[PDB]
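Participant: build me a structure from this.
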Amino acid sequence: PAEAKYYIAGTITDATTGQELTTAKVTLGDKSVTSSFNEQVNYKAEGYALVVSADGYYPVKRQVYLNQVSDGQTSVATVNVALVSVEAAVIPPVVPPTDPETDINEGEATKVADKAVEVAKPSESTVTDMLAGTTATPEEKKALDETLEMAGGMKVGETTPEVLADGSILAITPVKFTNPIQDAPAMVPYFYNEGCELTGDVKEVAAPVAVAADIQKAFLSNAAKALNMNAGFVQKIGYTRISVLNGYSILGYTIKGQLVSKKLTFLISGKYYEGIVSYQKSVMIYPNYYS
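Facilitator: Residues are numbered from 1 along each chain as shown. Next comes the structure:
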């Protein structure tokens, strides 16, 4: 069985416009990469330093950690670094997302899980592009087409939540082959979300005895700046190999998206508001082998 494969994929964008910053200077570990990167890496507990700068923006350093998986599985650290212009108006949070007071627990994760999965699930255009190979490289497209030819097709199932005891939420997306692939490898699509979304209700802190849309928009906008991410999810697609495991066919696979959340507080128009926002830290691909 093949060893666990690891990747770091992501995009450098402008925090205000959401457009890719193609002139950004980016290093991932010891390597110079473009603003749209996808690098295979060896597992290291230390992680990998992502260093990002662009003229007119505040620089960002982020340590990227890998979510360990087992033999035959793939794990992708999914990174959106959205740089804030030195000219942008930003309301700071009361405490930044590096403060442990901003972490959520399992009980809080359970309350936002349905919403988190609703926004994290693959859209119709994402599923269409995953299957068609719209964004695949020529080698990936060829391998995907050979896989589809042996599988017949791929059916993307309903995305369901799995709440973990640390407060993370897995968005479980099963992918079933019409016909299992016998004694042959598969090139398969996965997807992930870049940016952050509001997954819990925005509430006034210490209200005397429903929050307006504009306050909610201002809350998400400033939460996204605090996190160095775009406001709203944009979906990205990748391809990975499922290797042959002798004496087993490949029935399909499961995509597991790790959604991490933060509870932030902002003073917005003279009142304090709190809410939970979520983003994707990783995507993992689990083959479904059958004997």
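
Participant: would you map the strands across the stretch 1-150 of the chain?
Facilitator: Using DSSP state E, counting those that start in this stretch, the strands of the stretch 1-150 of the chain run over 5-14, 25-28, 31-33, 36-41, 48-53, 60-64, 74-83.

Participant: dump these into TSV; add distance to residue 161 and mean neighbour count as well.
Facilitator: C-beta here means a position set from N, CA and C on the backbone, and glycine is covered the same way. As requested, these are arranged in TSV below (distance: least, CB to CB, whole Å; neighbours: other CB atoms under 10 Å):
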stretch	distance to residue 161	mean neighbour count
strand 5-14	23	22
strand 25-28	30	18
strand 31-33	33	13
strand 36-41	27	15
strand 48-53	28	19
strand 60-64	25	15
strand 74-83	18	25
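
Participant: turn the ones you listed into CSV, including distance to residue 170.
Facilitator: Converted to CSV, these look like this (distance: least, CB to CB, whole Å):
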stretch, distance to residue 170
strand 5-14, 18
strand 25-28, 25
strand 31-33, 28
strand 36-41, 22
strand 48-53, 23
strand 60-64, 19
strand 74-83, 13
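
Participant: nearest to residue 207, out of those?
Facilitator: strand 74-83 (31.1 Å; CB to CB).

Participant: which stretches in the stretch 1-150 of the chain count as helices?
Facilitator: 106-120, 124-132, 138-151 (DSSP state H, counting those that start in this stretch).

Participant: ok, which of the strands of the stretch 1-150 of the chain comes nearest residue 254?
Facilitator: strand 74-83 (11.5 Å).

Participant: for the spatially most distant residue from the centre of the chain, helix, strand, or coil?
Facilitator: Centroid-distance maximum for the chain: residue 209 at 39.3 Å, with CA atoms, centre = their mean. Classification of residue 209 using DSSP: H, G, I helix; E, B strand; the rest coil returns coil.

Participant: show me the one of the strands of the stretch 1-150 of the chain that comes nearest residue 108.
Facilitator: strand 74-83 (22.0 Å).

Participant: next, the angle from that closest one to strand 48-53.
Facilitator: 20 degrees (axes from the mean of the first three to the mean of the last three CA atoms, to 10 degrees).

Participant: packing partners of strand 74-83?
Facilitator: strand 5-14, strand 48-53, strand 60-64, strand 186-194, strand 234-242, strand 271-290 (3 or more CB pairs under 8 Å, 6 or more residues apart in numbering; DSSP states H and E).

Participant: list the buried residues of the longest one.
Facilitator: By neighbour count with 16 or more other CB atoms under 10 Å, strand 271-290 contains the buried residues 273-289.

Participant: my read: residue 15 touches residue 230, true?
Facilitator: Yes: the criterion here is CB atoms under 8 Å, and residue 15 meets it with residue 230 at 7.0 Å.

Participant: quick one: common contacting residues for the two?
Facilitator: 82, 224 (CB atoms under 8 Å, 6 or more residues apart in numbering).

Participant: contacting residues around the closest residue to residue 116 other than its chain neighbours?
Facilitator: Distances taken as CB to CB, 6 or more residues apart in numbering put residue 199 closest to residue 116, at 4.5 Å, once the chain neighbours are dropped. Residues near residue 199 by CB under 8 Å, 6+ apart: 112, 115-116, 119, 259, 261, 276-278.

Participant: circling back: and of the helices and strands packed on strand 74-83, who's closest to residue 255?
Facilitator: strand 186-194 (5.0 Å).

Participant: and that closest one with helix 106-120, angle?
Facilitator: Going by the same axes, to 10 degrees, strand 186-194 makes 110 degrees with helix 106-120.

Participant: any idea how far residue 101 is from the residue nearest to residue 67 when sequence neighbours are not counted?
Facilitator: When the adjacent residues along the chain are set aside, residue 67 lies closest to residue 282, with 4.4 Å between them (CB to CB, 6+ apart). Distance of residue 282 to residue 101, given as CB to CB, to the nearest Å: 24 Å.

Participant: with residue 107 instead?
Facilitator: 16 Å.

Participant: neighbour count for those two, which is higher?
Facilitator: Neighbour count, other CB atoms under 10 Å: between residue 107 and residue 101, residue 101 has more, with 12 against 9.
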